[PDB]
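**Student:** The structure's right below; bear with me while I get my questions together.
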Amino acid sequence: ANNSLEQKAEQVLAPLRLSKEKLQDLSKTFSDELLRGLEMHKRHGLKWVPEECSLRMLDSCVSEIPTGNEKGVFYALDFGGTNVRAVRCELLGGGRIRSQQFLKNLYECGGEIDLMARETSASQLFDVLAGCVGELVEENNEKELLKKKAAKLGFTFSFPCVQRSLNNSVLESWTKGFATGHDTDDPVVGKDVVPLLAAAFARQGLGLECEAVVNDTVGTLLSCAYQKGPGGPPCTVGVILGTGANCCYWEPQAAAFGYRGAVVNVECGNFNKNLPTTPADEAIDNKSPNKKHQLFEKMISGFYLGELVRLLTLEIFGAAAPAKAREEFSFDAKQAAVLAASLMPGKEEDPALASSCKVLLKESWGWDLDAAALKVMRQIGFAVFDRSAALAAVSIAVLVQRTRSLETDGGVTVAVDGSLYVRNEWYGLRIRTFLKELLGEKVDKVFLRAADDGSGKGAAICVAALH
Ligand SMILES: OC[C@H]1O[C@H](O)[C@H](O)[C@@H](O)[C@H]1O
């Protein structure tokens with residue numbers, strides 16, 4: 001019988017099932033790396049030195065954490081790619097916020113102008129960004145009010161930058177397909193984006209003052225801090241587990257290490273020390289456009305989990321694998337989650353979840369596979385997702401410990417957002433299981449809390465907390 005299939009699956013998947021000792025060792029490695037990063041920051045400031053630390057340990061310049069009692073109307077601009085969003089937030093106190101948003105697809109906004117093109121000027125791009133916010137101001141009939149007294153605005157600008165202060169961030173290089181300004185006298189690269197945005201607001205008569213540029217993880221922490229309610233411990237860790245994976249945290253010795261803010265954007269997706277690398281991980285990195293970078297994220301985030309399932313399927317099934325498994329990106333993290341859900345605690349014998357796996361594999365890969373093969377595929381999906389949760393837990397545990405919040409405040413609130421956590425109830429519970437492995441009984445003082453819209457609401461909250 002081809003029960004060597006089960007032996008092969010065990011051989012291939014065992015290295016993805018991280019032992020307690022392996023997770024503790026990785027926690028130690030990550031904590032040591034974080035300390036090296038603080039020392040790097042103290043020496044080098046705005047200059048990243050990858051030989052000293054794989055973690056950029058960026059100064060967010062955020063020091064003012066909201067209480068939930070702040071009140072007023074605050075705006076945000078979320079520019080992380082072609083899907084731009086303006087947000088308006090009524091901060092009502094008691095942790096309550098009412099939001100509105102306006103969306104623009106940059107592919108449809110130049111008319112006769114490709115906004116992503118090297119021939120497009122900074123002014124043309126920022127005119128469109130400012131116009132997104134202006135459309136929201138006009139929806140609220142607020143343009144004249146804002147001429148009398150400007151509203152404050154936070155800006156999530158999700159590109160590599162050099163940030164000297166909360167309201168001063170210079171674009172280091174374009175990513176994500178953008179090349180705006182490269183062939184003009186009016187570049188974005190090498191310029192502080194805040195004066196460019198301010199000039200565009202002025203050209204439209206818009207009374208908005210950008211007081212912060214904020215990373216999405218920091219916005220996630222701030223969204224949670226405002227909305228959680230005082231009846232619990234402080235929010236000192238922010239986590240995104242979605243298409244990408246990153247965290248931020250409140251650093252108690254920030255001043256001694258040369259930080260202006262207290263919140264550090266770790267950029268831990270690039271963590272690269274003593275990773276539990278498997279051949280599938282090497283294959284994902286080797287064909288990626290960012291070889292040797294984001295190696296921790298490549299084991300964790302939704303962009304990669306489907307690819308992991310696909311490559312492991314090919315490794316385990318060989319000539320029995322379906323033809324579509326040979327196609328890059330043919331299987332995504334939502335599909336992998338269907339597989340993993342069927343092997344979560346208490347669900348291993350659930351017929352409906354297993355049936356959903358059979359239906360999925362027929363639809364996505366045209367694979368009319370037998371019972372033994374179906375069980376193996378479920379095990380592959382489970383192994384990939386459970387490793388993502390375990391590694392996320394390592395990062396959370398190390399940051400929780402570094403905040404000292406358990407010692408100083410008796411507990412900690414960890415803000416979490418991102419599709420892996422939001423779409424899969426069991427994912428956070430797996431994270432908590434691994435956190436208990438890492439932290440012991442004091443995990444009962446750690447509270448994972450869903451936090452929404454760090455890139456919009458969170459940036460508006462950032463500027464509201466400055467008052
Ligand atoms: O969006 C989540 C996450 O994605 C990547 O890791 C980016 O490098 C980070 O800035 C981060 O915040």
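Numbering starts fresh at 1 for the residues of each chain in the structure tokens, the chains themselves are lettered A, B, ... in the order given, and ligands are numbered from 1 as they appear.
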Could you name the residues that touch residue 10 (chain A) at 10 Å or less, counting only C-alpha atoms, but leaving out those on the same chain fewer than 5 positions away, as number ranges by chain?
**Tutor:** A: 4-5, 15, 316, 376, 379-380
**Student:** Output N, CA, C and O atoms for every residue in that selection, as a compact mmCIF listing (two decimals), in the first residue's frame.
**Tutor:**
# COMPACT_ATOMS: atom_id res chain seq x y z
N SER A 4 3.57 4.66 2.39
CA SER A 4 4.76 5.49 2.31
C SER A 4 4.41 6.95 2.04
O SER A 4 5.26 7.81 2.28
N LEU A 5 3.20 7.24 1.53
CA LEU A 5 2.78 8.64 1.43
C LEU A 5 2.73 9.28 2.80
O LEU A 5 3.19 10.41 2.99
N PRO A 15 9.66 19.03 10.35
CA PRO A 15 10.45 20.25 10.61
C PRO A 15 9.61 21.52 10.72
O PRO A 15 10.11 22.51 11.26
N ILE A 316 5.70 16.30 -1.27
CA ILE A 316 5.18 15.09 -0.64
C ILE A 316 4.56 14.14 -1.66
O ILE A 316 4.77 12.93 -1.61
N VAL A 376 -3.65 13.88 4.13
CA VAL A 376 -2.32 14.49 4.04
C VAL A 376 -2.41 15.97 3.69
O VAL A 376 -1.69 16.80 4.27
N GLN A 379 -3.24 17.91 6.65
CA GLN A 379 -2.07 18.01 7.53
C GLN A 379 -1.07 19.05 7.03
O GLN A 379 -0.45 19.75 7.84
N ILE A 380 -0.90 19.17 5.71
CA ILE A 380 0.01 20.19 5.16
C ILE A 380 -0.49 21.58 5.52
O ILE A 380 0.27 22.43 6.02
**Student:** Could you please extract the residues within 10 Å of ligand 1, counting only C-alpha atoms and all ligand atoms, and hand them back as a ChimeraX atom specification?
**Tutor:** /A:80,157-160,214-220,238-248,265-270,294,296-298,301,417-418,454-455
**Student:** Limited to C-alpha atoms, could you put the picked residues into a file as an mmCIF file, in the first residue's frame?
**Tutor:**
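Generated file (part_27.cif):
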data_model
loop_
_atom_site.group_PDB
_atom_site.id
_atom_site.type_symbol
_atom_site.label_atom_id
_atom_site.label_comp_id
_atom_site.auth_asym_id
_atom_site.auth_seq_id
_atom_site.Cartn_x
_atom_site.Cartn_y
_atom_site.Cartn_z
ATOM 1 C CA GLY A 80 -0.003 52.339 0.615
ATOM 2 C CA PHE A 157 2.549 56.354 3.837
ATOM 3 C CA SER A 158 3.455 52.676 3.464
ATOM 4 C CA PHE A 159 6.779 52.951 1.620
ATOM 5 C CA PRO A 160 10.402 52.873 2.830
ATOM 6 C CA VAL A 214 2.587 56.655 10.900
ATOM 7 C CA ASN A 215 3.317 52.982 10.156
ATOM 8 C CA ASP A 216 0.271 50.709 10.064
ATOM 9 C CA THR A 217 1.385 48.686 13.136
ATOM 10 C CA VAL A 218 1.676 51.886 15.174
ATOM 11 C CA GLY A 219 -1.748 52.975 13.958
ATOM 12 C CA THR A 220 -3.038 49.563 15.062
ATOM 13 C CA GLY A 238 0.739 46.361 18.021
ATOM 14 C CA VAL A 239 0.702 43.455 15.566
ATOM 15 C CA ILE A 240 -0.270 43.014 11.921
ATOM 16 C CA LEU A 241 -0.694 39.436 10.672
ATOM 17 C CA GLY A 242 -2.081 39.871 7.171
ATOM 18 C CA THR A 243 -0.563 40.081 3.713
ATOM 19 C CA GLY A 244 2.594 41.118 5.567
ATOM 20 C CA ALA A 245 3.690 40.629 9.183
ATOM 21 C CA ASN A 246 5.163 43.273 11.494
ATOM 22 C CA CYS A 247 4.972 44.526 15.055
ATOM 23 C CA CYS A 248 5.618 47.626 17.124
ATOM 24 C CA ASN A 265 8.418 49.930 14.667
ATOM 25 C CA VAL A 266 10.487 46.750 14.765
ATOM 26 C CA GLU A 267 10.165 45.727 11.088
ATOM 27 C CA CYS A 268 10.443 42.171 12.341
ATOM 28 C CA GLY A 269 9.367 40.655 9.019
ATOM 29 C CA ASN A 270 13.068 40.879 8.143
ATOM 30 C CA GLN A 294 11.634 39.516 4.869
ATOM 31 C CA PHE A 296 10.529 35.782 8.911
ATOM 32 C CA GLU A 297 7.510 37.292 7.156
ATOM 33 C CA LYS A 298 7.948 34.655 4.415
ATOM 34 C CA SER A 301 2.215 36.087 6.374
ATOM 35 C CA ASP A 417 -5.150 43.218 13.004
ATOM 36 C CA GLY A 418 -4.718 41.577 9.626
ATOM 37 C CA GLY A 454 -4.695 51.293 11.957
ATOM 38 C CA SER A 455 -3.823 52.931 8.635
#
**Student:** I'd like a table as CSV: residues in region 39-68 of chain A with an atom no more than 10 Å from region 460-463 of chain A, each row giving the shortest atom pair and its distance in Å to one decimal, only C-alpha atoms counted, sorted by chain and rising residue number.
**Tutor:**
residue,atom,partner,partner_atom,distance
A:62,CA,A:462,CA,7.7
A:63,CA,A:462,CA,9.4
A:64,CA,A:462,CA,7.7
A:65,CA,A:462,CA,7.6
A:66,CA,A:461,CA,7.3
A:68,CA,A:461,CA,9.3
**Student:** Save the residues we just selected, C-alpha atoms, as a PDB file, in the first residue's frame?
**Tutor:**
ATOM      1  CA  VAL A  62       5.061  58.511  18.700  1.00  0.00           C
ATOM      2  CA  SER A  63       5.023  59.270  22.446  1.00  0.00           C
ATOM      3  CA  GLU A  64       1.424  60.318  23.163  1.00  0.00           C
ATOM      4  CA  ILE A  65      -0.869  57.313  23.654  1.00  0.00           C
ATOM      5  CA  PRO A  66      -4.605  58.092  23.636  1.00  0.00           C
ATOM      6  CA  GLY A  68     -10.158  57.127  24.751  1.00  0.00           C
TER       7      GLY A  68
END
**Student:** List the neighbours of residue 340 (chain A) out to 7 Å using only C-alpha atoms; skip same-chain residues closer than 5 positions along the sequence, and give me the result as a ChimeraX atom specification.
**Tutor:** /A:378,381-382,385
**Student:** Take the residues from that selection and put them in a file with N, CA and C atoms, as an mmCIF file, in the first residue's frame.
**Tutor:**
data_model
loop_
_atom_site.group_PDB
_atom_site.id
_atom_site.type_symbol
_atom_site.label_atom_id
_atom_site.label_comp_id
_atom_site.auth_asym_id
_atom_site.auth_seq_id
_atom_site.Cartn_x
_atom_site.Cartn_y
_atom_site.Cartn_z
ATOM 1 N N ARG A 378 -4.827 18.080 4.336
ATOM 2 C CA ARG A 378 -5.238 18.772 5.554
ATOM 3 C C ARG A 378 -4.056 18.955 6.497
ATOM 4 N N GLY A 381 -1.774 21.835 5.261
ATOM 5 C CA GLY A 381 -2.342 23.138 5.577
ATOM 6 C C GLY A 381 -2.232 23.458 7.056
ATOM 7 N N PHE A 382 -2.550 22.476 7.900
ATOM 8 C CA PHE A 382 -2.449 22.700 9.333
ATOM 9 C C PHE A 382 -1.016 23.029 9.733
ATOM 10 N N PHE A 385 -0.071 26.679 8.732
ATOM 11 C CA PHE A 385 -0.744 27.714 9.517
ATOM 12 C C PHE A 385 -0.324 27.684 10.977
#
**Student:** Name all residues at most 8 Å from residue 428 (chain A) (count only C-alpha atoms; drop same-chain ones fewer than 5 positions away) and give them as a PyMOL selection string.
**Tutor:** chain A and resi 389+421+448
**Student:** A:205, A:86, A:351, A:117: which is nearest residue 155 (chain A), counting only C-alpha atoms?
**Tutor:**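 Checking each candidate against residue 155 (chain A), we get A:86 as the closest.
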**Student:** Taking into account only C-alpha atoms, which residue in the set A:152, A:191, A:334, A:85 is nearest to residue 122 (chain A)?
**Tutor:**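 The shortest atom-to-atom distance to residue 122 (chain A) comes from A:191.
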**Student:** What's around residue 332 (chain A) at 9 Å? Count only C-alpha atoms, leave out sequence neighbours fewer than 5 positions away in its own chain, and write the answer as a PyMOL selection string.
**Tutor:** chain A and resi 302-307+309-310+337
**Student:** Go ahead and save the residues from that selection, with N, CA and C atoms, as a CSV table (one decimal), in the first residue's frame.
**Tutor:**
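Output saved as part.csv:
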chain,number,residue,atom,x,y,z
A,302,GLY,N,0.2,36.0,5.1
A,302,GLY,CA,-0.8,35.5,4.1
A,302,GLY,C,-0.3,35.5,2.7
A,303,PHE,N,0.6,36.4,2.3
A,303,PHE,CA,1.2,36.4,1.0
A,303,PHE,C,1.8,35.1,0.6
A,304,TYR,N,2.4,34.4,1.6
A,304,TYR,CA,3.2,33.2,1.4
A,304,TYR,C,2.7,31.9,1.8
A,305,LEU,N,1.6,31.8,2.7
A,305,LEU,CA,1.2,30.6,3.3
A,305,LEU,C,0.6,29.6,2.2
A,306,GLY,N,0.0,30.2,1.2
A,306,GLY,CA,-0.5,29.3,0.1
A,306,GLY,C,0.6,28.7,-0.7
A,307,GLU,N,1.6,29.5,-1.0
A,307,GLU,CA,2.8,29.0,-1.7
A,307,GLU,C,3.5,27.9,-0.9
A,309,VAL,N,2.0,25.8,1.2
A,309,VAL,CA,1.2,24.6,1.0
A,309,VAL,C,1.4,24.0,-0.4
A,310,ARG,N,1.5,24.8,-1.5
A,310,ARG,CA,1.7,24.3,-2.8
A,310,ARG,C,3.0,23.5,-2.9
A,337,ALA,N,-6.3,28.1,4.7
A,337,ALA,CA,-7.0,28.2,5.9
A,337,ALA,C,-8.1,27.2,6.0
**Student:** Determine the nearest neighbour of residue 320 (chain A) from the options A:407, A:368, A:114, A:425, counting only C-alpha atoms.
**Tutor:**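 The shortest atom-to-atom distance to residue 320 (chain A) comes from A:368.
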**Student:** As an exercise, work out the distance from CA of residue 53 (chain A) to CA of residue 40 (chain A) in Å and give it to one decimal place.
**Tutor:**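 Value for the CA of residue 53 (chain A)-CA of residue 40 (chain A) distance: 7.1 Å.
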**Student:** List as a PyMOL selection string the protein and nucleic acid residues near residue 129 (chain A), meaning an atom at most 9 Å away when only C-alpha atoms are counted, but skip any in the same chain fewer than 3 places from it.
**Tutor:** chain A and resi 77+79+84-86+104+124-126+132-134+197+200
**Student:** Residues within 12 Å of residue 278 (chain A), please, as a VMD selection string. Count only C-alpha atoms; anything in the same chain fewer than 6 positions from it doesn't count.
**Tutor:** chain A and resid 11 to 18 284 to 285 295 298 to 299 308 311 to 312 315 384 387
**Student:** Determine the nearest neighbour of residue 151 (chain A) from the options A:168, A:414, A:41, A:72, counting only C-alpha atoms.
**Tutor:**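 Nearest to residue 151 (chain A): A:72.
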